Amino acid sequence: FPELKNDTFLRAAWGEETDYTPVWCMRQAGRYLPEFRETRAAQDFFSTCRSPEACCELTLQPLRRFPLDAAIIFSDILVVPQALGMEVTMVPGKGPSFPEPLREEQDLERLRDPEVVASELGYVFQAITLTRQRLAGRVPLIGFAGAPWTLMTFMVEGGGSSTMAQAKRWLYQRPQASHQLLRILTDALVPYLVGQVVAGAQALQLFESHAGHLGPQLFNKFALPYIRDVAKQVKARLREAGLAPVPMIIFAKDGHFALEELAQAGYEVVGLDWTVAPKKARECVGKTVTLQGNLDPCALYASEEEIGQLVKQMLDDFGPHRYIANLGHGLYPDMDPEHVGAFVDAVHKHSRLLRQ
């Protein structure tokens, strides 16, 4: 691959000092961009995900508008449950659905052996290689997947939920079958994430987007062990294959209660939602992980001047060390690309002023 030119994001992820704070945005390839909507109108969602050229194009679009310090491959976390043998749709304007969710223990029999999942996800690896080549070393490329618990919630609920009552009912009433499913997911995720790195990914983020539905006791029993396993096994396999391990980011949205445990879970970077005060997060995680985040995505509805001031305040709280800027979740479809631009420029501007 082409030599990396701007490695600020990677240096920051490993905790090294940098000249400015690197920034990227979750869902930077997203519907808030008119050009994203146009490229997407061509195919259906999961068909877009299966076209390396389409994925590459969507990945590059934000970088043409903004000097973001990382790209993230266009894909979706739900490709893993799909590759395990579940059928999944993107309903017109009503999000992901599994018309036949997992509801009893016997339903696990329908899933593929987790060891064959990576072979089913070749299309993602093709997209990663192509995007890495086309990026031509501009900035690092992040690969990603959903965390076991979060993927379990989609598989059991059949979509989004305000309570995760069915998935949590599994945890309390079917603890053994839950662990079995969480292990299947872990065993699928590890080779998939390794394959993403083999294909060209230079960092990995694991999205535990539905952490907040668990309190600490269930999180520690059912989510944390598998989060830890994913990091340990991915690093081991990469070492063994003669490759360099990449920085790994754990993002547990609404996971305020788990920050101390997440800082010990074998990830270089702990991603934060907007509800956690940066200084409180720093006390929780300690001095040797990098934090990522955490501006309220809705702050981007404010004026460009206001966004600059909110960014300044955020960066004052995080300080110059061991920090990668981002929002506290993904960009929303109704947001203004110019305000995303203002966010990026302000992180760059204020982080330089904070140093010198």
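Numbering starts at 1 and runs along the sequence shown.
Trainee: As stated in the PDB record, which stretch has the larger average Cα B-factor, 30-38 or 325-333?
Mentor: In the deposited entry, the stretch with the higher C-alpha B-factor mean is 30-38.
Trainee: Out of 194-202 and 100-108, which one has CA B-factors that are higher on average in the deposited record?
Mentor: That would be 100-108.
Trainee: Take the CA temperature factors straight from the PDB entry and tell me which of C284, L181, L189, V139 peaks.
Mentor: Highest CA B-factor of the listed options: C284.
Trainee: When the CA B-factors of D229, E87, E208, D273 are compared as recorded in the entry, which is the largest?
Mentor: Answer for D229, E87, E208, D273: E87, with the highest C-alpha B-factor.
Trainee: Just say lowest, middle or highest third for the CA B-factor of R237 relative to the other modelled residues in its chain.
Mentor: Highest third.
Trainee: Where does the C-alpha B-factor of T153 rank in its chain, lowest, middle or highest third?
Mentor: Tercile = lowest for this residue's CA B-factor.
Trainee: Sorting the chain's CA B-factors, does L135 end up in the lowest, middle or highest third?
Mentor: Middle third of the chain for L135's C-alpha B-factor.
Trainee: Looking at the entry's B-factor column for C-alpha atoms only, identify whether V289 ranks in the lowest, middle or highest third of its chain.
Mentor: It falls in the top third of the chain.
Trainee: By the record's CA B-factor, is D44 among the lowest, middle or highest third of residues in the chain?
Mentor: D44: CA B-factor falls in the highest third of its chain.
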